[PDB]
Number of protein chains: 4
Amino acid sequence: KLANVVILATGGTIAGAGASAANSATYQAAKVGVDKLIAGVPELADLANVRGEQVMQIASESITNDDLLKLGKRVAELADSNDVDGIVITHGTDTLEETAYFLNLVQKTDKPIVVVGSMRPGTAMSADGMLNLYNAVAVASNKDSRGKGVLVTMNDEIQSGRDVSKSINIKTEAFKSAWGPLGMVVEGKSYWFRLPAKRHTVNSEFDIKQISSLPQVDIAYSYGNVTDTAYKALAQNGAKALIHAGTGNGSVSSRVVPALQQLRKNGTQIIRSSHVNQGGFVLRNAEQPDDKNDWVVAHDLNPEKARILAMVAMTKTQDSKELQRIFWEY
Amino acid sequence: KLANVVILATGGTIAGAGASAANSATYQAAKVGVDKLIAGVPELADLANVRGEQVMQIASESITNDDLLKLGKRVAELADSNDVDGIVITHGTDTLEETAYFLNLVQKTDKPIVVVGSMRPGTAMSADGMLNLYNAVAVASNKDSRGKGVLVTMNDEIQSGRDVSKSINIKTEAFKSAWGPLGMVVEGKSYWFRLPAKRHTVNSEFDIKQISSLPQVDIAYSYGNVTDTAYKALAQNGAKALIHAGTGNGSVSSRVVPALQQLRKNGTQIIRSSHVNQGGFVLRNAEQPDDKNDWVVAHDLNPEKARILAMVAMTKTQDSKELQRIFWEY
Amino acid sequence: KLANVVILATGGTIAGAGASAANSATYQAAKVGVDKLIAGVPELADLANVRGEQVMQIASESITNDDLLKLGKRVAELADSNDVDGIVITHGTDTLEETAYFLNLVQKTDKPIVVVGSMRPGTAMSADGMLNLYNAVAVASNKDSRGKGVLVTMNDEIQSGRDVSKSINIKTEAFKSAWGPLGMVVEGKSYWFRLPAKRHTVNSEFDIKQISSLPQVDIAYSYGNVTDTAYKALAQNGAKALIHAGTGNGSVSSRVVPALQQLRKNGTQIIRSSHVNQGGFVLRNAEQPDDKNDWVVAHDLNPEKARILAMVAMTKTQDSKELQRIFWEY
Amino acid sequence: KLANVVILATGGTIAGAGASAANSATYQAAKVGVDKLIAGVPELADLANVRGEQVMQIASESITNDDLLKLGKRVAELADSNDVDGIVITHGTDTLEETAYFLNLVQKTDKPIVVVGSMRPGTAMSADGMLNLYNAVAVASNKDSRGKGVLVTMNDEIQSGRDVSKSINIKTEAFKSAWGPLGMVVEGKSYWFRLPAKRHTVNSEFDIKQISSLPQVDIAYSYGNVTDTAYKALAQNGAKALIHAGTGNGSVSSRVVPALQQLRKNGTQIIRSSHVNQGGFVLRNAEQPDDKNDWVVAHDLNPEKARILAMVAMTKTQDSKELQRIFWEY
Ligand SMILES: *[C@](*)(C=O)C[C@H](N)C(=O)O
Ligand SMILES: *[C@](*)(C=O)C[C@H](N)C(=O)O
Ligand SMILES: *[C@](*)(C=O)C[C@H](N)C(=O)O
Ligand SMILES: *[C@](*)(C=O)C[C@H](N)C(=O)O
């Protein structure tokens, strides 16, 4: 009859509370349990047979790699159950773009996986959480959502977990993608206008079942007068790969090039990303001789997205050439 | 008759060269002298009397604090002269947003200061540098441009140097501002639609003539599983202030808070900015108890922008409350 | 103590109702009275002394010129009262951009005039109306809002009534301006980043007290294979001016030029606007010889905005040169 | 070896000329022949074997239905030939979005069809036409471009001809799509990030080979105080379908509804589109009782886009329900 959708709660602002109804930016995250969030949206029963499960209760800015894994493996078990048609995960918006992309790479299933959260706490007036959840379930319950990879439903849109990013603060249209939304969801119906072109879920070469722990990967910011300090400190403390968030097209200061070459020889992967994330992408060999130095470009992925792909990829390969190929297909 | 405008060349892609006409992104920067540039745009003579001056020949990704000081002082000199009505500066786009903001804060003059660059080298077909420069001189020669603060002229727009940022890679519309452009420049004419509302140039409490050196300020990136490693390494190497490029609304991981509190007690200013730079701003006391920890909020300025203001501001005060007032007025 | 703000209700979706809480796009407009909308936001009393007045109850798509006048004159009376500090008007979003601009041109007062509405009806889950109203009052009560012209507060932003336009359907970030927002409002506080540069309110040469009725002005759309039919039919039925919503830069088909020249000679003002409204503006004499034909360009104003300015301007002048000047200053 | 690509010239600004190099917006279109164009881009020879063919020399604002048919049939001819791998068409930008969508609907071939223009004439400094054409041929020669539908290559992007629209005037980034670009083209290479999800070319139920003429379809604009004048005049002059460019979600004024009901009974199809074209879409039965009145909703297509689909669709059916299914699939 109706689809069986499971909601995995992880905390976030969607489960947070404020001092008054006028508090739409000042609140305490992860205060409400999954059962209460379901009860707050009575109409949910009209969309699917839904049951909630509290996986964790955290503010997403304080998420760890073990949390991601615990979440990834749990999702995998649910997707393996013939009694589960769709999966919705409520997650704080600060690192939601990171978790959504992670799942897109390691969940080998065509069942819909939808990640959702809200910019305003549930206690604020005109809170965006109720409709976001409703739309999340509506999409997870839809047959047309299968095989589209991980999705995020906020601001009446259906966004790809791959490249959607929290780009605007405070406002409910916080999440944007340089390549646009895949569609929209209005009054329960899903409307598609685009399809993903990058490898995901079922057609991914990675699998959360084979992963026991993630390699350490960190990010260093680049700007005027930057020195190699942050890069070396991160590498010396364990990083197996470093995401260079350079100016413009992954540009690197001449004062930092040496440390990067040295680090590369030492076994540390160097991936060039940038802090120009509204559009475009980093081109190989353009700003730096990547072939000569044996570095890797993150294509269009912003720093935090790059880190996620790098971590997953390195559980299978440590070959810079294979890494580049992966950054060009995922 | 015609206004007297001086062009201060600093390098960049606008002065760059590519291997072929088909090379629009792969090139070598700072290869052309200011004389060659001016020459390439004969029509300039119609707008005003122009003379070039090569201050330096660098790629902006490799700019240093001494280069800023050197450029800022030279600008203050030409502005004081009565034989100068407007000033145009060619600068690489990678850190143009940083130099543009710096000058907006320290040049105590109402004469037009216009910063311009090009996304494509002059050797590329359909290069954008010729028209950008022409519009730069057109704007710097216009009386209506006085008292507007530092301006940047690219993509037929008149952008404010304060908040214009390189947001899109590769494409010519690379520079955007969350609050929009101030106006446009078409066929030599300037059209205004908005006015700046933040303190700048003449009404700035800072003066390049009173600044001999700039305090060291660095930036740490925040993301899932981030540790206090980068923050401490940076402080250990001299940083007098640290820009925290947090997720969401300047959010800080619970794993890093203790290190940030210790660093503050030690005298390191802590400024919360973010990597959500398309819109909105970081609110004081929302995600963290800034009052209690004596931290500072960067308002709407992205990481590299906040670093510029922090530096300048710290040549005059080290009082966090005064620092906060400064971040709310400039 | 507190400011006295008056809320003039005109109907709209903000006062509309849906069949269920899941109905966020399908609803019946203008069903709720001003008193109920106030009672729905208890926190309002914390911002100012507020009183409501139901001016009319309509769906804004069915608004008439007499409605605008009735609204304009009413606002004028309130602004004349020493007992009124701010004015907030709830208005359907479909033609809100039209009414907000109208008021910006004819209300000779520096007191804050804020127009607001909502994309979702008050009965939908996560309805945006409550916070929008709250923010509308917060802004109207602020002293810093004076002298900024008419403002619109939705999606946590402070937009200029001049050029903000409903650009996106369904979503709460529906209103955008090619020149960006003037600021934002969060948890009661107003944050400014830009200032208007065009003439408005107190510095306008128009006055709602001198206007008894508006001249008829209509709009004709332009596209491939368009004929002069719509243009002539509108003129023959009373239009004193016609807004040409052309392709690109106010371009006109060669098959329509004649009718336009003929109409001009007959006394009908011809104003070239366009259906390219995300940015840029229409340039005089670029696509058509406006000087020779004696036509007028709408600069950056979209068709419906152009119609509003044209109507107001023609109550003072019928000189095409003065009309052009007006389109370049307002 | 190299692919065989044919360039069909139709005119436009790309083939235009300005009075001076400083003229980027003021110019005269369709002055250059296809041979002169190809010649101006020597590098083309490296991408493939190209031959030009001047089909017509017009300004796209003056295009007619016979020009569309003539262009569509010529395209179907070249596609059938085995001596043609890809097809490039230079077209004025003003109505390029219309021709691009038309071809996407009627060309039953998987060979790449790329439409390109230029915002600046070739006589302007920093003209954009040279690189745009180069990228057009680069994309039309690429095997990965097959089965993607009609494409448009400007601003280093690969846009879908279905929903790409000229949204910004003057600037080179004029063309945008609510659902984002499909990919980008840099230094001869194509990078894909999204795939089309709507029916096109090979899977289209329409075929230019079976279309001798197109039914007349016109567009009426809606705004404050609009009357049924334009709607009726248009129907009286032959319109078989009327595109209603309403405010908001295709909203219709209560003053116009009766005329629209009478026109429908008389056999005129009524299609509700809107002038809110940055995002979202018009929902069936939301603002008006479409089922009851037997009207049709344009979904996300702007007015000029909806007109193209209505025309094409009406060469096969006049059943409103089938028309609606068509507007939801293409
Ligand atoms: C609250 C606002 O969206 C987000 C929190 N910091 C979180 O991500 O838990
Ligand atoms: C070339 C593209 O603008 C940019 C530079 N690398 C520079 O900043 O010099
Ligand atoms: C409802 C949605 O915002 C808008 C109505 N049609 C109105 O403007 O009254
Ligand atoms: C010139 C700017 O692209 C455009 C044209 N008027 C045309 O469509 O021919």
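Quick note: numbers below take in every heavy atom, side chains included, and nothing from hydrogens, waters or symmetry partners. First listed ligand is number 1; within each ligand, the first listed atom is number 1. Chain letters run A, B, ... following the sequence lines, proteins first, then strands; residues in each count from 1.
Atom OG1 in D:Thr95 sits 12.5 Å away from atom CZ in D:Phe102 (nearest 0.5 Å). To the nearest 0.5 Å, atom CZ of residue B:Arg120 and atom CG of residue D:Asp128 are 7.5 Å apart.
Against a heavy-atom cut-off of under 4.0 Å, D:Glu287 is close to the following atoms of ligand 3: 5 (C), 6 (N). Heavy-atom contacts of C:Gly12 reach the following atoms of ligand 3: 9 (O) (cutoff under 4.0 Å). Applying the 4.0 Å criterion to heavy atoms of C:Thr93 picks out, from ligand 3, the atoms 3 (O), 8 (O). Near C:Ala29, the atoms of ligand 3 lying under 4.0 angstrom from a non-hydrogen atom of the residue are 9 (O). The C:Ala59 neighbourhood of ligand 3 comprises atoms 9 (O), with distances under 4.0 Å to a heavy atom of that residue. Atoms of ligand 3 lying under 4.0 Å from any heavy atom of C:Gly92, numbered from 1 in the order shown and given with element: 7 (C), 8 (O), 9 (O). Close approach of ligand 3 to C:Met119 (heavy-atom distance below 4.0 Å) involves ligand atoms 2 (C), 3 (O). Interface of D:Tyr27 with ligand 4, defined as ligand atoms under 4.0 Å from a residue heavy atom, comprises 1 (C), 2 (C), 3 (O), 4 (C), 5 (C), 6 (N).
Looking only at atom types and distance, the side chain of C:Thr172 has a donor-acceptor partner in the side chain of A:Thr172 under 3.5 Å away. For the 3.5 Å distance criterion, the side chains of B:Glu187 and D:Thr26 qualify, holding a donor opposite an acceptor. Residues D:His91 and D:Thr99 bring a donor and an acceptor atom of their side chains to less than 3.5 Å of each other. A side-chain donor from one of D:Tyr27 and D:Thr13 sits under 3.5 Å from a side-chain acceptor of the other.
At a 4.0 Å cut-off, not a single heavy atom of A:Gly248 sits close enough to ligand 2 to count as contact. For B:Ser118, the heavy-atom gap to ligand 2 drops under 4.0 angstrom. For D:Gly16, the closest heavy-atom approach to ligand 4 does not fall below 4.0 Å.
For atom 7 (C) of ligand 3, the closest non-hydrogen atom of the protein is C:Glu61 OE1, 3.6 Å.
The backbone N or O of B:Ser165 sits less than 3.5 Å from a side-chain atom of B:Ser167, completing a donor-acceptor pair. Checked by atom type and distance alone, the side chain of D:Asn169 never pairs as donor or acceptor with a backbone atom of C:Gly279 at under 3.5 Å.
Evaluated by nearest non-hydrogen atom to atom 8 (O) of ligand 4, the leading choice among D:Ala174, D:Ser60, D:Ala30 is D:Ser60. Within the set B:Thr13, B:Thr10, B:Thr95, A:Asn249, the minimum heavy-atom distance to atom 1 (C) of ligand 2 is found for B:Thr13.
Between C:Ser251 and ligand 4, no N or O atom pair is found at a separation short of 3.5 Å.
Inter-residue side-chain proximity for C:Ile170 and D:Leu283 is flagged as unmet; no heavy-atom pair is nearer than 4.5 Å.
Test A:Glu287, A:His244, A:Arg272 against A:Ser251 for side chain to side chain donor-acceptor pair (under 3.5 Å) and you get one pass: A:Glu287.
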